[PDB]
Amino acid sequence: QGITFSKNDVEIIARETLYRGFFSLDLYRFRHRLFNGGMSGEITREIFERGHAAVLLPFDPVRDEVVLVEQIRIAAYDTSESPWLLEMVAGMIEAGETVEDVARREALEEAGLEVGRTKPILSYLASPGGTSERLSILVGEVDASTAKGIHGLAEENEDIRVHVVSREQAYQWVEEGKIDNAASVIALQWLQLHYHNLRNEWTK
């Protein structure tokens, strides 16, 4: 059971920089084993290289509340009613940093929030047919009464509004499509599947 082939079964021959800017687009050139027993020819794939992220679900287990951050994501424009999205605290992981350190820093910068205990949720590939991006989600214990106002680093063009909702309200917003970005959907579905045990663990 499970997958069939490993890194022993693929060779990346080269990678070519197609675009170098704030992010990169690379052409991976590779060969790989086929399920029918043979080897492929040379395959090329364009891969968006934009580093990797830490994501924090800020959950108040006493009040059963979730903290959301609202900010514009221009890429949402063409397929969404508004480019302002309700999301999780999140940011890029730089060389040598831990997921948890990034999550704590972004929680302060983006929501004014201190974080207590944490637990991993899931680490996922956003869209692995075309981007290498992995996002590692934690749940962090917060006092949602301290979450309010306008945050973000303005000198970085980051303008963020904090919203506090109940867990059930946040999940309803997922069901209705009002929250519809992968990181938040995954985190809030996870919360719906684990909140009983998590609240118990964090209110003992």
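Numbering starts at 1 and follows the sequence shown. In this text, the rigid core denotes the largest set of C-alpha atoms whose superposition between the two forms falls within 1.5 Å.
> Comparing C-alpha positions in 9 other deposited structures of this protein against this form, with the rigid core used for the fit, which stretch differs more, 166-174 or 29-37?
Comparing 166-174 with 29-37, the larger C-alpha deviation in 9 other deposited structures of this protein belongs to 29-37.
> With the rigid core as the fit anchor, does 40-48 or 141-149 show bigger C-alpha shifts in 9 other deposited structures of this protein?
Output: 141-149, the stretch lying farther off on average in 9 other deposited structures of this protein.
> Counting only other entries that model residues on either side of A154, is it left out in at least a third?
In at least a third of the other entries, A154 has no coordinates.
> Which has higher Cα B-factors on average according to the PDB entry: 72-80 or 125-133?
Between 72-80 and 125-133, it is 72-80 that shows the higher mean C-alpha B-factor.
> Got a sec? Mean C-alpha B-factor, which is higher, 16-24 or 184-192?
Higher of the two, by average CA B-factor, is 16-24.
> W173: which third of its chain by C-alpha temperature factor?
Middle third.
> By the recorded C-alpha temperature factor, relative to the other modelled residues in its chain, which third is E87 in?
Its C-alpha B-factor belongs to the lowest third of this chain's values.
> Looking at the C-alpha B-factor of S166, is it in the lowest, middle or highest third of its chain?
For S166, the deposited C-alpha B-factor lands in the lowest third.
> Using the B-factors in the PDB entry, rank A144's C-alpha atom against the chain and give the third, lowest, middle or highest.
It belongs to the middle third of the chain when residues are ordered by C-alpha B-factor.
> Lowest, middle or highest third: where is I160 by C-alpha B factor in its chain?
Middle third - that is where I160 ends up once the chain's C-alpha B-factors are sorted.
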